[PDB]
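To start, the structure itself, in structure tokens.
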Ligand SMILES: Nc1ncnc2c1ncn2[C@@H]1O[C@H](COP(=O)(O)OP(=O)(O)O)[C@@H](O)[C@H]1O
Ligand SMILES: [Mg+2]
Ligand SMILES: [Zn+2]
Ligand SMILES: [Zn+2]
Ligand SMILES: [Zn+2]
Ligand SMILES: [Zn+2]
């Protein structure tokens, strides 16, 4: 009936359609009313935010137009939805006579957050005619400015009669009174502004590294600026991968502080309205690292969820799957289905993902279950695709090459912000990968200067910085997955591994596992691998008993978060015996990797990880034996001469 | 809309061969391209046919706003005609109606961009003419006498800037009188208005405060590119030089680094930007305004 | 022209006065006694416990003050002045609250609490010089020679608004008289996020703290302090260029007869502190005597260092006797004889040397840990920050300056460059660093001890060569390391089984299997007492 | 080298509810009064305005009794603030005349001149005092002297003698600009360059750099009159009192000395004791009694 000038929105029609959609909708558990129970649960728990999936509207018949109206004119539609939601809540409480305490709900506020806007084509692909539209982005957080106060109510005083005024901002402008409103006192130009008496809001600016799905020819990475307000402030930390939904904006910028002149060319940014920090294709952040942030979120009443939700049916299925007896091999086979055999490599990767138990001594002292792995072997094997899979499955991490890195670039640096024109600190790769997995390729081309820093992180998971303006120690609780290329063309089995790899022997003893990927010619294995590879090209799209990735990630996340194995005497005896045995065997030098206390630590961590798998709470003899067997098999000592350190090429089994 | 000059030349020759007179629109456009853009825009606006498809929920907000503006124009015109006829004080009535009323100018109701493209060597050779606008040139040969003309440059791109919104007309809304105020801008910088300029606020004693409205504004998609000489064009023992190109409208994103291209454009000047102490008179800076791009591969 | 008044402000004034006059097996009243003490000793500040202010009137006064401290502070001052006049005979008085229920983090500040009193904790990084502050100015009118006195500033240079005498109608034309005004001491400090609150994958935050009056020169760089005070806002010109709409202020032109001063409203959050306390005798002299009278005290001491590491009695005996130093001597000819001890621990990466460094940095009073490659010349020694927003330069301390009369832990010592090696050499030669930058010259004390960890040049300690052939240090610095402890691996079954048992005991039992003879507090007390005998 | 940007507007929405005492509503009410008021079933003012336009006399004669009868509020406002209301009524007359003229043409006007007539009680010239300053008064007297016609400007074209920056001024104490306006008026980007040259020497046109171009300006007629009390009623032993009046445009050359007239005008002052001023009258209407045929 009555549209709004410039738009085609009708308030009455939109509110009626929204109310009808709220009162009637279902997924077609799938037959029951959906938003009704969401509203009831919200009013039960006191929450104020409704996360609306914009795709839902496109299913119901009526709102097929409200969908496009929401996409095109978010400003009006969001307020309309909020008012409709409040009216619906009051109607729900009153029409059924639940309880007469409705003043709190009638007074408080509400909000609706769309979070499934249609796919976008990347920020650079937009045009000027897309301003003030709704879009979404994918990227990695780099920096966030501190909290900036924004005035909302200005407070004035009269310097002759003490009369005080309060003024509300209007579209970013304050109307300063020119005359005291008192009849007794109406002196002109007597109003003074008392800064501390005003009421301020919260605003924050975040820098985002966009990662578009489609990349045109010859296009390089860049950065975008996001503005967050009110609750969402401090909801993001650098290194997190997020999916953001917001409004596309524009603004002119002053040429200089002195004048009031503006520049013709505009500045673009994004205004955040929803943030998603969870995905079904990747694990969930280790909650052991974000303990305080959870309490801060609860205090701030922001409704962003860090970890995914688990249903009773899902938990029952998890228990059923853990009940069977082939679970270990099943999971190993599940990891990276496109990679053939390499069962022990896959098992090691799985155990790394699971990780050990993190002890913490009251009165100071830290121990972490991070596990470090290094891969050696022939150059042409599949030791690099393993890195990609771990990088894309882990929540946090960085993939680096040995020769393309630097000591400063791995720890931290100081840079001039191009907007504020001041100097600000930035995080390095090792700090960005905190709580996750750091991938290093060609670890043997890295310079000694660069390699120097890895010692401390691999020793105590911290990095100490003493540079101009900063003197402090930072956490780097990340696992290390490294690859190396043996000297020359092929790993010669007639020489010790120390004569094959280009690393100092002492440095090798720090890693928990060492893998030798040897390439042996055998007709059966060649036939099997060739058939496996050729099968992938039978049809234009992939079709390859393997669990789905979503279920696998759900299981691993649940296991990581909900259980904590502990060690027992039966395990302690075996650990001590095995460590003494290793120290004795092999006792003229630099022919093998000398055993140290790092190996005992590796046994502890691997046994804890195995126990944590399969949903146990006590580490035992089977776990200890499996850990020792895996450690031995990785270096394949069974095919080695314990006197000259050479390999018997005919004893190794594919 | 793409206006080709071969069509104009064919039209002129067809008019000539059967006797009737015709002017050298081709030469006029070639020598003073920048002025004919408005002539063509007005000629088209005088003839644009009506839409045969209704406006639905799957249309652009820009088109929605333009349609609203046109309907509002018609509404004021009809209202004024009715009010004037009611007084009992038709061409004269119409004329006074237009004279005494305000409207939205055509530029705020247009929805299309207009570009020219050069004269083909083949067509010029067949018609026994010399296609100046399609003779490739290096940045070396483009001197001051070429300013204001339509010319073709052959070069290799080296840098392209991102697409950003360039403002052409700012719009403000006055709450006191309900008017919309439009401020043109054609400089690298501008100044925002403060107080209303509409008739009602101008006559009244208490004037309203203007506010900014982004959606009603008139924006343009703007890119700048740097073009460089080819090796075979540089004289012996010299260094290649560069040149600046501006791209506006739907022609953006058509140039990428490393492309060897022929760009057609209008050559225009710009204010001086060097040190004051080295300024001797009215020196100016030059740039090319793009109209058509042809790739070599 | 009668002045508007705040009934609530007055009411809280009388409530505060009643608190002061009422709040008290010998009974006693504390605040009146403290006022008497102030009269006796000529002081300026009062210390009012926050807890005592809570258990009256159902705490309404406590809240009102907490969330509206800024509004009511003048009324509290007025009440204090009146009670002082009543019960005792220019003086500037200060109030100091402390012992708040909770402490916030620098990461958890919000614009909602602007103008509210709270408490924060952090590590100090820098301090500026004490400078006078314009408190209550005096001005002379121009069109007439009238004199106005006691004009308050309130965080900005404020002028009189109207000539006090109707004989002259002057406004906005004045001259400042610097000869009969009053000033206060004013200092700026910079604090940084503490180490263990920094969230994952983020860099630390920094905050400014303004100190006034007698609280000045109570902070010290490199310490952890707890502040209690107000949160405020100050103008910020840098925010221009950020995205978003920045508030502006313009005058209202409606209702003014006819016939442009626009301002911007960008700000940043600061903190004006009122109470600052550092955060780390009594009956315990009994225990001190009991423990000193022991006979195997030295052996128990040696056993008590670094209980989490196995063996290395010599290294422990070095860490001790580095904690306790010698005595500095002065000769008549001006020659100074050093009394400090420096230690180097040499070993390949597979050893457990870094644990000693971590224990020392965690235990010792003044200690700083740093790595060879993650540092720089400026990071060590010092730097000069000439961009003091209000005036002359200032000195930002470095790692060496930190831990003065303390211990500096240097890991990966072998990777240090020639420049910083020379700096450390100068530090050992003379207990001074010479700074010469931006035309500023200075000398800074570095009376420190050095604990360095070094690796063999070839990765492994070739026992065939000598120490000089195995290390990479330069002869000058090498000559002044009076203790070199080379740690090496010996294969033996009983040692191996004992070490494995110890490690597994720590992992399985955690804190239980430590049982050291003495605790950290006892050890620190003993060291503090013993450090002052001068044998 | 670019041209000047433009500015323009158009109405879309409805602002706040119009107040009664605002210039636009005053103009609307005056226009309604002109186009609607009826006497003896006639549109007297519309008809006489049409005839005046036909005759090329750009003035309208109005009687105050009709206005007070039609509406009282604007009558009081005019009687109290004549200097503020008259221009509004003048522009309303001009607006109506535009329509009438354009319609008649098919079937460049200046501002029309309002002339007021009245018959209310007069005030003896000896009773004028402070309370009547800036009000409207009616007087009776005898003309004794009329000056010669003067010349005043209504539209001036001016040029800066140094940089040749041109502009215009319209009148309806105006003074020429004191300094060149080409600086504050940033017409074009190239104008900024043109405003500087020959190295570091700043551009300064000097004080009063403008000159008038007489070939393209328009002027009007102004005249002075003197009015004196009737000699019959003067008190004995005292010379009579007289007063100065100013008229312009269509109220010039209407009377000759010796005529007994009634005058409707405004009581004003000007500067020529400590704070004394010289009163005089601005002529709004003249009514003769017919003398010396
Ligand atoms: N076991 C395997 N399963 C699947 N593909 C394999 C296997 N071994 C080799 N390949 C194929 O051979 C190539 C291995 O090269 P790559 O892994 O990149 O070398 P690198 O040893 O540096 O990781 C891949 O293209 C992969 O498809
Ligand atoms: Mg590879
Ligand atoms: Zn007042
Ligand atoms: Zn207006
Ligand atoms: Zn004075
Ligand atoms: Zn001039």
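Going by Swiss-Prot, the residues shown for chain C are 100-123, 130-194, 260-429, 443-463, 509-763, listed in order.
Structure method, as recorded: electron microscopy, 3.3 Å.
Heads up, the Cβ atoms here are built off N, Cα and C, so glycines get one too.
Feature annotations, reproduced from Swiss-Prot:
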MOD_RES   C:372  phosphoserine
DOMAIN    C:525-732  domain 'MCM'
BINDING   C:575, C:576, C:577, C:578, C:579, C:580, C:581, C:582  ATP binding site
MOTIF     C:707-710  motif 'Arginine finger'
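Residue C:579 (ATP binding site) carries neither a helix nor a strand DSSP state and counts as coil. Taking the Cα atom of each, residue C:577 (ATP binding site) and the residue listed as 'phosphoserine' are about 29 angstrom apart. When the recorded positions C:372, C:580, C:582 are compared by the number of other CB atoms within 10 angstroms of each CB, C:580 has the fewest. Among the binding-site residues C:575, C:579, C:581, none has a Cβ sitting under 8 Å from a Cβ of chain A. Over all protein chains present, the Cβ of residue C:578 (ATP binding site) has 19 other Cβ atoms lying within 10 Å. Helix, strand and coil content of the motif 'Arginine finger' (C:707-710), in residues and according to DSSP, is 1 helix, 0 strand, 3 coil. Around the Cβ of residue C:579 (ATP binding site), 20 further Cβ atoms fall within 10 Å across all displayed protein chains.
Taking the centroid of the Cβ atoms of C:575, C:576, C:577, C:578, C:579, C:580, C:581, C:582 as the ATP site, the other same-chain residues with Cβ within 8 Å of it are C:683, C:715. Rounded to a whole number, the distance between the Cα atoms of residue C:581 (ATP binding site) and residue C:372 (phosphoserine) is 29 Å. Remark: residue C:575 (ATP binding site) has C:581, C:681, C:682, C:683, C:684, C:689, C:714, C:715, C:716 as non-local neighbours, by Cβ distance under 8 Å and separation of at least 6 in sequence.
Taking Cβ-Cβ distances under 8 Å and a sequence gap of 6 or more within the same chain, the neighbours of residue C:576 (ATP binding site) are C:683, C:684, C:687, C:688, C:689.
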